[PDB]
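One structure is given here, and the rest of the page talks about it.
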Amino acid sequence: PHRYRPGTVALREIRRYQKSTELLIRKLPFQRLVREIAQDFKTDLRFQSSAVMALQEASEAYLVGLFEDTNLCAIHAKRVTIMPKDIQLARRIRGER
Amino acid sequence: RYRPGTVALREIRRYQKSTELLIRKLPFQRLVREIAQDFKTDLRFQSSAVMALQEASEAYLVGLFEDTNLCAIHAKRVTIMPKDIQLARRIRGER
Amino acid sequence: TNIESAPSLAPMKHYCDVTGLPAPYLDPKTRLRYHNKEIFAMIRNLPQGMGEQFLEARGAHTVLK
Amino acid sequence: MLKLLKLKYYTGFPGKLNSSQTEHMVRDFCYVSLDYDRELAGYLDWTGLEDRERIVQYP
Amino acid sequence: XXXXXXXXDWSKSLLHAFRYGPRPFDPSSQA
Amino acid sequence: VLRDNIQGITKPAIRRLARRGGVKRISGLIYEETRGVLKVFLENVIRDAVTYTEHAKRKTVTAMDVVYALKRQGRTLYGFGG
Amino acid sequence: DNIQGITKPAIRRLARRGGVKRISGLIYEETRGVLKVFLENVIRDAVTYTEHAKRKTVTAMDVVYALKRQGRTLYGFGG
Amino acid sequence: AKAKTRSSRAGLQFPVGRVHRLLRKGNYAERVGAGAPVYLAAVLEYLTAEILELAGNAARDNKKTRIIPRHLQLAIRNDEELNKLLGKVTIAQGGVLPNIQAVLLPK
Amino acid sequence: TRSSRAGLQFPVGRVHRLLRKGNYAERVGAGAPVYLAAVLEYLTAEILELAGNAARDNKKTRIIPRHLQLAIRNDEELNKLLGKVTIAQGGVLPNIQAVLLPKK
Amino acid sequence: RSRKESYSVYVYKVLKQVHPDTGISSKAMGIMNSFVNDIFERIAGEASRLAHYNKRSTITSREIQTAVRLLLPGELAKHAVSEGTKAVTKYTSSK
Amino acid sequence: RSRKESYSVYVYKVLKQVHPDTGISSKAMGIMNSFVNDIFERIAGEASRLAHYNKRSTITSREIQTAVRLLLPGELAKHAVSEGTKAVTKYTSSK
DNA sequence: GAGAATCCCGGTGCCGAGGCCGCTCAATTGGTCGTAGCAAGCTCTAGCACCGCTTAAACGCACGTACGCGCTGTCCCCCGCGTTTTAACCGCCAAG
DNA sequence: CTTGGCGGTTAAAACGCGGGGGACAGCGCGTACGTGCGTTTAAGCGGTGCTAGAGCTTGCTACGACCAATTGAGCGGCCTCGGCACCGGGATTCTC
């Protein structure tokens, strides 16, 4: 048939998404999430489009920055797969918890 | 002779209770002046300034040693190695 | 003229201001009359910005200036 | 009446709460009770709340 | 409690009777 | 008030983020953890943003509120003002 | 060569307070380097504050300001 | 005309007038409201009390009747909120929290 | 204009007005906005230069934010200056760890 | 002699209020002083930025309250706003 | 409308100075503007704190220079300082 | 050596970058003057240098065992991919 | 300028399954580091003279806010166009 070795097209995905600059998280459900979280602080909020775009940029930047440190925490433990403990350690050293 | 690990833990319990400075005063002072002699000639130092420098230095080093130890334990090891320090510094955003 | 409105001086029966039931005791943190422990639970976990609106509905909010 | 319906339905009511519709609620759903302190304290009991309660739709 | 009941909600609280009534809760329907 | 939306951050999206972050292999318990972290993050940001909105006595959260929130949180964002 | 003034058992003690059981041999030189860089930055900023104040004596407040501007506020020396 | 302090009128201990002066001559704004100094003094006095209380507790724990920097450190690093407030703050002569990892414990 | 008298492109007058308000100090020096505008113009020049080169490498003539990100992150000093700064529509630098490269 | 002001007497009074039978060291005194100074600069700074953001040239109690809501976390902020409101109300009443 | 201003035209001029045949998009321009404003607030703030620390009520070019020396790292500082000292010289050659 | 799958190249539809223009309000020009800043002058806190000395501590080293580290078999859990299910995306007029 | 809502699309998200590369527990050779005692370096001690230089004070004076007159620099706004996203045939380069 036509198969590919596990870890090849994933690496190609890394090289492709690192080259691109467009946003990754889907816009509409993220906006829905933002509006869902905001309803615990002020009832009936209105949002500028630029505000939601800013929140999405900051969030994706934060997460993509965290995934690097996570990946480093995974390689430090002689592994290639990221694990929850790697995220925990990353955020711990980062000074968040 | 104690088994190799007991005295270490005793030292950990010993110094985690204390608050006084660990690095000797005069060598740290000499180091401070040696590093300072490349910015301003014939520098005079207040005693409180040197003490502040040492307090902040030891605090920084201990804080770094905690994270380093965490990196060492994360790799299923009980020994801190330069890789751990470099990783800690890297995640903290200093390297 | 227009100063014929008169106040009172008498004991007032203080009711609840979350619900309408008669309530016998208030709070130190939020100063709300309340009936029982369910209303006390809903008072101590309400989102901020509303514990002042109950005193606004009852009066004497005393908002900042 | 508008303030108490705004604070009763606490978590957000999906509907325009005008003043005039609360006025028309007051016009046909309010009556001065004869003996207030006895009527009030046993009003929200479960036995018979279905006939005390008055309910209002919205489109 | 299941072993005791085998061996042997909203209807308790008054806030559901105050907001909604003796009928059960709102299932987030249209009307 | 809608339903859930924490699941809106779908699996392939988190996978994409990891790809841009340079991750070859991802665990299964990564996704829920990431959803939690993102939830905490967005909470911390939106709280301060809404605070700035309330102090301005506005009912509409502006972009500048988000920018101020991020800046005071220690993550300055360019391309929106400030 | 006063960086060697910071001795091996001193770094060991600092590691003990940090909660470290076993220490590698390559740790000490690394520690000396990190401390050297840290002190370089802090003292650089401090001397800058000193020269701005037209003084030839770096005070404790200069150290406090230098540490504060690096995001490492220090209580117990003023400010 | 029988002067009284603004701190006494506000029922506080921290100096309201001093805080007001610092706000005025601190390059913060052209004008400053009259509620600002009493409010700020109140917050500072409250935070002061919250630390001194836990510090007194930590002092009592070490059988000492004088609060030392160590007690302040123990008070702040245990209170999560206070710790977050002073996360980038180094307390001189305060030491660290006695914390040993489970892996390093004897077998 | 003071910008022309100092050979600067950035507005000395506007910088002076901004320093006047904003509650920085009581009075503001006369050479201070000149110096400040000069520094801003220098930094602007450096970033726009490096980003121009980055745009040239991508066979583009209009600088997109991606070029700005590439310029800043490829300069340790500029990266240090903008360490806690997030550039919108900038992406990340291409970086794949050595142990992630295919083997066997 | 050039007198230098400090928050010593005030934190001492607070100490006597919360713990009548405890003392305080000079070092911890200076630490508390630096603490109060730091928070003052923080809240006043954030209040200043708040005033500047809304084109206002006056820092009222509202700006201070919002600043406290932004800086102090959780219940600490709640009690802070509580004590502040109590103080400004009691000050408003008693002229 | 209120005439919302920025550093647009100036950034464009400097861009055409360093690169005559190179343009810039709107988003990148906004980012450059935000950068200019950020550095402005940082330098002016540090200069303000500098003046305040030395009990001086004036931000001269000295405070700005020291602020640059504190903020900009390495060569970026050096060059900047030069570009400053140059400008303030020329301004004193035609005033 | 088969098979995708990036890259390359010539063509084309499109909209945002760039230049012009009306014109408003902020920068410039210019003079008084309160005053912060320069600055010489002067008191004295405090930093620097250092002679010898008890000794804690750094240093040096031998013995050895817990531990870093390479090797390895096995359970298993993500990877890749086709199919199927689902909602994000888009146009877009319209209430407020 | 944000919000609602058709309905129409289709790429993206879900589900499922074979299976291969990797997490992970077990084991063993070996060396790097811990523990303890002897030798040795010099930190810590204090004694105090010397005086640099921080700190304060008074006097002189040059700096900059401040009101006012006023003109163009700069922002909002309009429009032709060319960089660039788009698009599809085919070069071609990694992969298995």
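A note on labels: chains of the structure tokens are A, B, ... as shown, every chain counts residues from 1, and ligands are counted from 1 in their shown order.
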Show me which bits of chain G are within 12 Å of chain H, counting only C-alpha atoms, as a short mmCIF file (atom, residue, chain, number, x, y, z; two decimals) with N, CA and C atoms, in the first residue's frame.
data_model
loop_
_atom_site.label_atom_id
_atom_site.label_comp_id
_atom_site.auth_asym_id
_atom_site.auth_seq_id
_atom_site.Cartn_x
_atom_site.Cartn_y
_atom_site.Cartn_z
N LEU G 14 25.67 25.68 50.05
CA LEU G 14 24.58 26.32 49.32
C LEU G 14 23.67 25.28 48.69
N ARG G 16 23.25 22.27 49.85
CA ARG G 16 22.54 21.63 50.96
C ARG G 16 21.32 22.44 51.33
N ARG G 17 21.49 23.76 51.46
CA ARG G 17 20.36 24.63 51.75
C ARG G 17 19.35 24.56 50.62
N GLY G 18 19.83 24.36 49.39
CA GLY G 18 18.94 24.17 48.26
C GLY G 18 18.24 22.83 48.28
N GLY G 19 18.75 21.89 49.07
CA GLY G 19 18.15 20.57 49.19
C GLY G 19 18.73 19.58 48.21
N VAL G 20 20.06 19.48 48.16
CA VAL G 20 20.74 18.57 47.24
C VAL G 20 21.51 17.53 48.02
N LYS G 21 21.29 16.25 47.69
CA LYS G 21 21.95 15.13 48.36
C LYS G 21 23.32 14.82 47.77
N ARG G 22 23.41 14.66 46.45
CA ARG G 22 24.66 14.30 45.79
C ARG G 22 25.03 15.37 44.77
N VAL G 64 20.52 48.05 46.00
CA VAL G 64 19.08 47.83 46.11
C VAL G 64 18.37 48.22 44.82
N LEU G 67 19.31 45.70 42.01
CA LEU G 67 18.59 44.45 42.16
C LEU G 67 17.12 44.62 41.84
N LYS G 68 16.56 45.77 42.21
CA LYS G 68 15.14 46.03 41.98
C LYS G 68 14.86 46.14 40.50
N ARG G 69 15.78 46.74 39.75
CA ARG G 69 15.58 46.91 38.32
C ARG G 69 15.83 45.63 37.55
N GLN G 70 16.39 44.61 38.19
CA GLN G 70 16.59 43.31 37.56
C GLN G 70 15.46 42.36 37.93
N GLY G 71 14.48 42.84 38.68
CA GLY G 71 13.36 42.03 39.10
C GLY G 71 13.66 41.18 40.31
N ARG G 72 14.61 41.61 41.15
CA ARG G 72 15.00 40.87 42.36
C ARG G 72 15.05 41.83 43.55
N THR G 73 13.89 42.32 43.98
CA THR G 73 13.81 43.27 45.10
C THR G 73 14.37 42.66 46.38
N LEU G 74 15.10 43.47 47.14
CA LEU G 74 15.76 43.05 48.36
C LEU G 74 15.32 43.91 49.54
N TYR G 75 14.70 43.28 50.53
CA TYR G 75 14.25 43.95 51.74
C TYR G 75 15.33 43.89 52.81
N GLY G 76 15.39 44.94 53.63
CA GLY G 76 16.30 44.96 54.75
C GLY G 76 17.54 45.78 54.56
N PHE G 77 17.57 46.66 53.58
CA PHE G 77 18.73 47.52 53.36
C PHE G 77 18.29 48.91 52.92
N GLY G 78 17.00 49.19 52.92
CA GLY G 78 16.45 50.46 52.52
C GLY G 78 15.62 50.32 51.25
#
Do you have, as JSON lines, the list of residues of segment 19-88 of chain J lying at most 10 Å from segment 33-51 of chain F, each with its nearest atom pair and that distance in Å to one decimal, counting only C-alpha atoms and ordered by chain then number?
{"residue": "J:66", "atom": "CA", "partner": "F:51", "partner_atom": "CA", "distance": 7.1}
{"residue": "J:67", "atom": "CA", "partner": "F:51", "partner_atom": "CA", "distance": 9.2}
{"residue": "J:69", "atom": "CA", "partner": "F:51", "partner_atom": "CA", "distance": 7.7}
{"residue": "J:70", "atom": "CA", "partner": "F:48", "partner_atom": "CA", "distance": 6.2}
{"residue": "J:71", "atom": "CA", "partner": "F:48", "partner_atom": "CA", "distance": 9.4}
Limited to C-alpha atoms, could you put the picked residues into a file as a PDB file, in the first residue's frame?
ATOM      1  CA  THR J  66      -8.960  49.073  41.140  1.00  0.00           C
ATOM      2  CA  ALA J  67      -5.185  49.009  41.608  1.00  0.00           C
ATOM      3  CA  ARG J  69      -7.934  44.554  42.834  1.00  0.00           C
ATOM      4  CA  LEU J  70      -5.240  44.168  40.183  1.00  0.00           C
ATOM      5  CA  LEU J  71      -2.231  43.706  42.469  1.00  0.00           C
TER       6      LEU J  71
END
Residues of chain I within 8 Å of chain H, counting only C-alpha atoms - could you list those as an MDAnalysis selection string?
chainID I and resid 22:26
Result of fitting chain K on chain J (Cα atoms paired in order), as a tab-separated table (two decimals) with N, CA and C atoms, in the first residue's frame:
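Written file, result05.tsv:
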chain	number	residue	atom	x	y	z
K	1	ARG	N	21.51	65.58	59.95
K	1	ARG	CA	20.60	64.57	60.46
K	1	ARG	C	19.43	64.47	59.49
K	2	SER	N	18.84	65.63	59.19
K	2	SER	CA	17.73	65.85	58.26
K	2	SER	C	16.44	65.10	58.59
K	3	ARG	N	16.33	64.50	59.79
K	3	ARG	CA	15.15	63.78	60.26
K	3	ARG	C	14.69	62.70	59.27
K	4	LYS	N	15.49	61.64	59.19
K	4	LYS	CA	15.15	60.51	58.33
K	4	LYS	C	13.99	59.74	58.95
K	5	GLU	N	12.86	59.72	58.25
K	5	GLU	CA	11.63	59.12	58.75
K	5	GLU	C	11.38	57.75	58.14
K	6	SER	N	10.38	57.06	58.69
K	6	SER	CA	10.00	55.74	58.22
K	6	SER	C	8.58	55.45	58.70
K	7	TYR	N	8.20	54.18	58.64
K	7	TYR	CA	6.92	53.71	59.14
K	7	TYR	C	7.09	52.91	60.42
K	8	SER	N	8.13	53.23	61.19
K	8	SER	CA	8.51	52.48	62.38
K	8	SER	C	7.41	52.41	63.43
K	9	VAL	N	7.02	53.58	63.95
K	9	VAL	CA	6.06	53.70	65.04
K	9	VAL	C	4.72	53.08	64.69
K	10	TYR	N	4.32	53.17	63.42
K	10	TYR	CA	3.03	52.65	62.99
K	10	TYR	C	3.06	51.13	62.96
K	11	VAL	N	4.12	50.56	62.38
K	11	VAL	CA	4.33	49.12	62.37
K	11	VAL	C	4.36	48.59	63.80
K	12	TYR	N	5.01	49.34	64.70
K	12	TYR	CA	5.06	48.93	66.10
K	12	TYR	C	3.66	48.93	66.72
K	13	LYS	N	2.86	49.97	66.44
K	13	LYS	CA	1.49	50.04	66.96
K	13	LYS	C	0.64	48.87	66.48
K	14	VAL	N	0.65	48.62	65.17
K	14	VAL	CA	-0.13	47.51	64.61
K	14	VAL	C	0.36	46.18	65.17
K	15	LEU	N	1.68	46.05	65.37
K	15	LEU	CA	2.24	44.85	65.97
K	15	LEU	C	1.69	44.63	67.37
K	16	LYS	N	1.63	45.70	68.17
K	16	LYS	CA	1.10	45.59	69.52
K	16	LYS	C	-0.41	45.41	69.51
K	17	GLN	N	-1.07	45.74	68.40
K	17	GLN	CA	-2.49	45.47	68.27
K	17	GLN	C	-2.73	43.98	68.04
K	18	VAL	N	-2.05	43.41	67.04
K	18	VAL	CA	-2.26	42.00	66.71
K	18	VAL	C	-1.55	41.09	67.70
K	19	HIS	N	-0.48	41.55	68.33
K	19	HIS	CA	0.26	40.73	69.28
K	19	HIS	C	0.82	41.63	70.38
K	20	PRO	N	0.13	41.69	71.52
K	20	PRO	CA	0.56	42.58	72.62
K	20	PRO	C	1.89	42.19	73.24
K	21	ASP	N	2.14	40.90	73.43
K	21	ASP	CA	3.37	40.41	74.05
K	21	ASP	C	4.32	39.81	73.03
K	22	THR	N	4.59	40.56	71.96
K	22	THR	CA	5.50	40.12	70.92
K	22	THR	C	6.27	41.31	70.38
K	23	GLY	N	7.60	41.21	70.36
K	23	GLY	CA	8.45	42.29	69.90
K	23	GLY	C	8.99	42.07	68.50
K	24	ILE	N	9.88	42.98	68.09
K	24	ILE	CA	10.46	42.92	66.76
K	24	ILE	C	11.86	43.52	66.77
K	25	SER	N	12.77	42.88	66.04
K	25	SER	CA	14.15	43.32	65.94
K	25	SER	C	14.25	44.49	64.96
K	26	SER	N	15.45	45.04	64.85
K	26	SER	CA	15.70	46.19	64.00
K	26	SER	C	15.65	45.81	62.53
K	27	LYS	N	16.32	44.70	62.18
K	27	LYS	CA	16.38	44.23	60.79
K	27	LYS	C	15.00	43.91	60.27
K	28	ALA	N	14.20	43.19	61.06
K	28	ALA	CA	12.84	42.84	60.68
K	28	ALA	C	12.00	44.09	60.50
K	29	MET	N	12.25	45.09	61.33
K	29	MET	CA	11.53	46.36	61.23
K	29	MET	C	11.88	47.05	59.92
K	30	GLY	N	13.16	47.05	59.57
K	30	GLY	CA	13.58	47.63	58.30
K	30	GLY	C	12.96	46.91	57.12
K	31	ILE	N	12.84	45.59	57.22
K	31	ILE	CA	12.22	44.79	56.17
K	31	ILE	C	10.75	45.14	56.03
K	32	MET	N	10.04	45.27	57.16
K	32	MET	CA	8.64	45.69	57.13
K	32	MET	C	8.48	47.06	56.50
K	33	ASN	N	9.39	47.98	56.84
K	33	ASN	CA	9.39	49.32	56.26
K	33	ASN	C	9.55	49.27	54.74
K	34	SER	N	10.52	48.48	54.28
K	34	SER	CA	10.77	48.30	52.85
K	34	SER	C	9.57	47.70	52.15
K	35	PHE	N	8.86	46.81	52.84
K	35	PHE	CA	7.65	46.19	52.32
K	35	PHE	C	6.56	47.23	52.12
K	36	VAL	N	6.33	48.04	53.16
K	36	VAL	CA	5.32	49.10	53.11
K	36	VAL	C	5.61	50.07	51.97
K	37	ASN	N	6.86	50.51	51.86
K	37	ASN	CA	7.28	51.42	50.80
K	37	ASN	C	7.10	50.81	49.42
K	38	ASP	N	7.46	49.54	49.28
K	38	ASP	CA	7.32	48.84	48.00
K	38	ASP	C	5.87	48.81	47.56
K	39	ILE	N	4.99	48.31	48.43
K	39	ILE	CA	3.56	48.23	48.11
K	39	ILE	C	2.99	49.60	47.81
K	40	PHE	N	3.44	50.60	48.56
K	40	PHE	CA	3.02	51.97	48.32
K	40	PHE	C	3.35	52.39	46.90
K	41	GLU	N	4.62	52.24	46.51
K	41	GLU	CA	5.04	52.63	45.17
K	41	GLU	C	4.32	51.83	44.09
K	42	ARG	N	4.05	50.56	44.36
K	42	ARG	CA	3.37	49.72	43.37
K	42	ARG	C	1.93	50.13	43.18
K	43	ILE	N	1.19	50.28	44.28
K	43	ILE	CA	-0.21	50.70	44.21
K	43	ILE	C	-0.34	52.08	43.60
K	44	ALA	N	0.46	53.04	44.10
K	44	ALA	CA	0.41	54.40	43.59
K	44	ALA	C	0.79	54.46	42.11
K	45	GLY	N	1.76	53.64	41.70
K	45	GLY	CA	2.17	53.60	40.31
K	45	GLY	C	1.06	53.08	39.42
K	46	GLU	N	0.50	51.94	39.80
K	46	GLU	CA	-0.59	51.35	39.02
K	46	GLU	C	-1.78	52.28	38.99
K	47	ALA	N	-2.03	53.01	40.08
K	47	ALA	CA	-3.12	53.97	40.12
K	47	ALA	C	-2.84	55.13	39.18
K	48	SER	N	-1.58	55.55	39.13
K	48	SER	CA	-1.17	56.62	38.24
K	48	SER	C	-1.39	56.22	36.79
K	49	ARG	N	-0.95	55.01	36.44
K	49	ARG	CA	-1.16	54.50	35.09
K	49	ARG	C	-2.65	54.35	34.79
K	50	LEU	N	-3.44	53.97	35.80
K	50	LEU	CA	-4.89	53.86	35.64
K	50	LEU	C	-5.49	55.20	35.27
K	51	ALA	N	-5.15	56.24	36.03
K	51	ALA	CA	-5.65	57.58	35.77
K	51	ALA	C	-5.19	58.06	34.41
K	52	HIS	N	-3.95	57.74	34.05
K	52	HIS	CA	-3.40	58.18	32.78
K	52	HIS	C	-4.07	57.49	31.60
K	53	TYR	N	-4.45	56.22	31.77
K	53	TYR	CA	-5.07	55.47	30.68
K	53	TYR	C	-6.45	56.00	30.35
K	54	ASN	N	-7.14	56.57	31.33
K	54	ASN	CA	-8.50	57.05	31.13
K	54	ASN	C	-8.56	58.55	30.99
K	55	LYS	N	-7.43	59.20	30.69
K	55	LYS	CA	-7.32	60.65	30.48
K	55	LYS	C	-7.85	61.45	31.66
K	56	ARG	N	-7.73	60.91	32.86
K	56	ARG	CA	-8.18	61.57	34.08
K	56	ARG	C	-6.98	61.98	34.91
K	57	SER	N	-6.99	63.22	35.39
K	57	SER	CA	-5.85	63.79	36.10
K	57	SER	C	-6.06	63.78	37.60
K	58	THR	N	-6.73	62.77	38.15
K	58	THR	CA	-6.94	62.68	39.59
K	58	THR	C	-6.90	61.24	40.05
K	59	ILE	N	-6.13	60.96	41.09
K	59	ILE	CA	-6.12	59.64	41.70
K	59	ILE	C	-7.06	59.66	42.90
K	60	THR	N	-8.29	59.21	42.69
K	60	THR	CA	-9.27	59.12	43.75
K	60	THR	C	-9.14	57.75	44.41
K	61	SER	N	-10.03	57.47	45.36
K	61	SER	CA	-10.04	56.17	46.03
K	61	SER	C	-10.43	55.04	45.08
K	62	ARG	N	-11.09	55.39	43.97
K	62	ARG	CA	-11.49	54.42	42.96
K	62	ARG	C	-10.28	53.81	42.27
K	63	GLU	N	-9.35	54.66	41.84
K	63	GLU	CA	-8.12	54.21	41.20
K	63	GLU	C	-7.31	53.34	42.14
K	64	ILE	N	-7.27	53.72	43.42
K	64	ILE	CA	-6.55	52.95	44.43
K	64	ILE	C	-7.19	51.58	44.59
K	65	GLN	N	-8.53	51.55	44.65
K	65	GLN	CA	-9.26	50.29	44.79
K	65	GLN	C	-9.01	49.37	43.60
K	66	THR	N	-9.09	49.92	42.39
K	66	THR	CA	-8.82	49.12	41.20
K	66	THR	C	-7.38	48.61	41.20
K	67	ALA	N	-6.44	49.46	41.62
K	67	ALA	CA	-5.04	49.07	41.72
K	67	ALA	C	-4.85	47.91	42.69
K	68	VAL	N	-5.58	47.94	43.81
K	68	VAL	CA	-5.51	46.84	44.77
K	68	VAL	C	-6.08	45.58	44.15
K	69	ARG	N	-7.20	45.71	43.44
K	69	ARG	CA	-7.82	44.58	42.75
K	69	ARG	C	-6.89	43.98	41.71
K	70	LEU	N	-6.01	44.80	41.13
K	70	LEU	CA	-5.08	44.33	40.12
K	70	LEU	C	-3.85	43.71	40.75
K	71	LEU	N	-3.40	44.26	41.87
K	71	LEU	CA	-2.13	43.86	42.46
K	71	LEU	C	-2.27	42.70	43.44
K	72	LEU	N	-3.01	42.91	44.51
K	72	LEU	CA	-3.17	41.88	45.52
K	72	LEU	C	-3.95	40.68	45.00
K	73	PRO	N	-3.41	39.47	45.14
K	73	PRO	CA	-4.05	38.26	44.61
K	73	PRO	C	-5.05	37.65	45.58
K	74	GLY	N	-6.17	37.20	45.02
K	74	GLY	CA	-7.19	36.46	45.77
K	74	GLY	C	-7.79	37.20	46.95
K	75	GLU	N	-8.02	36.45	48.04
K	75	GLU	CA	-8.64	36.97	49.26
K	75	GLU	C	-7.94	38.21	49.80
K	76	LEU	N	-6.60	38.24	49.69
K	76	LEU	CA	-5.79	39.38	50.13
K	76	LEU	C	-6.32	40.70	49.58
K	77	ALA	N	-6.80	40.65	48.33
K	77	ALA	CA	-7.43	41.80	47.70
K	77	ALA	C	-8.73	42.12	48.39
K	78	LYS	N	-9.65	41.14	48.42
K	78	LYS	CA	-11.01	41.24	48.94
K	78	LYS	C	-11.00	41.95	50.28
K	79	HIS	N	-10.38	41.28	51.26
K	79	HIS	CA	-10.22	41.83	52.60
K	79	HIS	C	-9.68	43.25	52.57
K	80	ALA	N	-8.59	43.47	51.81
K	80	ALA	CA	-7.99	44.80	51.73
K	80	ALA	C	-9.01	45.85	51.28
K	81	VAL	N	-9.73	45.54	50.19
K	81	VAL	CA	-10.77	46.40	49.63
K	81	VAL	C	-11.79	46.75	50.70
K	82	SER	N	-12.25	45.73	51.43
K	82	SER	CA	-13.19	45.93	52.53
K	82	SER	C	-12.63	46.92	53.54
K	83	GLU	N	-11.41	46.65	54.00
K	83	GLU	CA	-10.72	47.46	54.99
K	83	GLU	C	-10.54	48.92	54.53
K	84	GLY	N	-10.51	49.11	53.22
K	84	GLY	CA	-10.46	50.40	52.59
K	84	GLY	C	-11.81	51.06	52.65
K	85	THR	N	-12.82	50.38	52.11
K	85	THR	CA	-14.17	50.93	52.01
K	85	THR	C	-14.70	51.30	53.39
K	86	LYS	N	-14.28	50.53	54.40
K	86	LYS	CA	-14.57	50.80	55.79
K	86	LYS	C	-13.94	52.12	56.18
K	87	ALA	N	-12.62	52.22	56.00
K	87	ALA	CA	-11.88	53.40	56.44
K	87	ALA	C	-12.47	54.66	55.82
K	88	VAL	N	-12.55	54.70	54.48
K	88	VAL	CA	-13.08	55.86	53.76
K	88	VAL	C	-14.53	56.17	54.13
K	89	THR	N	-15.24	55.21	54.73
K	89	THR	CA	-16.59	55.49	55.21
K	89	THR	C	-16.50	56.26	56.52
K	90	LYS	N	-15.67	55.74	57.43
K	90	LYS	CA	-15.52	56.36	58.74
K	90	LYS	C	-14.97	57.77	58.60
K	91	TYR	N	-14.06	57.98	57.63
K	91	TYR	CA	-13.52	59.31	57.39
K	91	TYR	C	-14.62	60.27	56.94
K	92	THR	N	-15.67	59.75	56.32
K	92	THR	CA	-16.77	60.57	55.87
K	92	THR	C	-17.85	60.64	56.92
K	93	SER	N	-17.59	60.06	58.08
K	93	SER	CA	-18.53	60.13	59.19
K	93	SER	C	-18.05	61.12	60.25
K	94	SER	N	-16.89	61.74	60.03
K	94	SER	CA	-16.32	62.71	60.96
K	94	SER	C	-15.43	63.69	60.20
K	95	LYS	N	-16.02	64.44	59.28
K	95	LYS	CA	-15.26	65.42	58.49
K	95	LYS	C	-16.17	66.55	58.01
Rounded to one decimal place, report the atom CA of residue 89 of chain A-atom CA of residue 85 of chain B distance in Å.
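These atoms are spaced 13.8 Å apart.
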Close residues, residue 17 of chain F itself excluded, 9 Å, only C-alpha atoms (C1' of nucleotides), min 6 positions apart in chain, as a ChimeraX atom specification
/A:17,24-25,60,63-64,67 /F:23
Output file for the residues above (C-alpha atoms, as a PDB file, in the first residue's frame):
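Saved result, again09.pdb, follows:
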ATOM      1  CA  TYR A  17       4.171  24.965  11.145  1.00  0.00           C
ATOM      2  CA  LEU A  24      -3.434  27.740  14.855  1.00  0.00           C
ATOM      3  CA  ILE A  25      -6.365  27.528  17.297  1.00  0.00           C
ATOM      4  CA  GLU A  60      -0.980  30.836  21.297  1.00  0.00           C
ATOM      5  CA  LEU A  63       1.397  27.924  24.800  1.00  0.00           C
ATOM      6  CA  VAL A  64       3.979  27.645  22.001  1.00  0.00           C
ATOM      7  CA  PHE A  67       5.711  23.633  24.677  1.00  0.00           C
TER       8      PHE A  67
ATOM      9  CA  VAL F  23       7.487  18.503  19.629  1.00  0.00           C
TER      10      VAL F  23
END
Using only C-alpha atoms (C1' of nucleotides), determine which residues lie at most 10 Å from residue 21 of chain B, disregarding the query and same-chain residues fewer than 2 positions distant; provide the list as a ChimeraX atom specification.
/B:18-19,23-25,51,54-55,58-59 /G:14 /H:92-93,95
Can I get the selection written as a JSON list (two decimals), in the first residue's frame, with C-alpha atoms?
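Dumped to result_13.json:
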[["chain", "number", "residue", "atom", "x", "y", "z"],
["B", 18, "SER", "CA", 19.94, 28.33, 59.54],
["B", 19, "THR", "CA", 19.76, 31.80, 58.00],
["B", 23, "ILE", "CA", 30.02, 32.00, 51.61],
["B", 24, "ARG", "CA", 32.99, 33.47, 53.50],
["B", 25, "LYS", "CA", 32.94, 37.27, 53.82],
["B", 51, "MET", "CA", 26.44, 42.43, 52.59],
["B", 54, "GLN", "CA", 26.16, 38.59, 49.30],
["B", 55, "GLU", "CA", 22.61, 38.17, 50.56],
["B", 58, "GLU", "CA", 23.44, 33.40, 48.05],
["B", 59, "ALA", "CA", 19.66, 33.71, 47.74],
["G", 14, "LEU", "CA", 24.58, 26.32, 49.32],
["H", 92, "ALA", "CA", 17.44, 39.24, 53.87],
["H", 93, "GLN", "CA", 18.50, 36.74, 56.59],
["H", 95, "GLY", "CA", 16.66, 31.57, 54.88]]
Those in chain F with strand (DSSP E or B) from DSSP, as a ChimeraX atom specification:
/F:25-26,60-61,76-78
Write out as an MDAnalysis selection string the residues lying within 12 Å of residue 10 of chain A, counting only C-alpha atoms (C1' of nucleotides) and excluding same-chain residues fewer than 5 positions away.
(chainID A and resid 4:5 15:17) or (chainID F and resid 12 15:16 18:20 22:26) or (chainID I and resid 96 100:102) or (chainID L and resid 78:80)
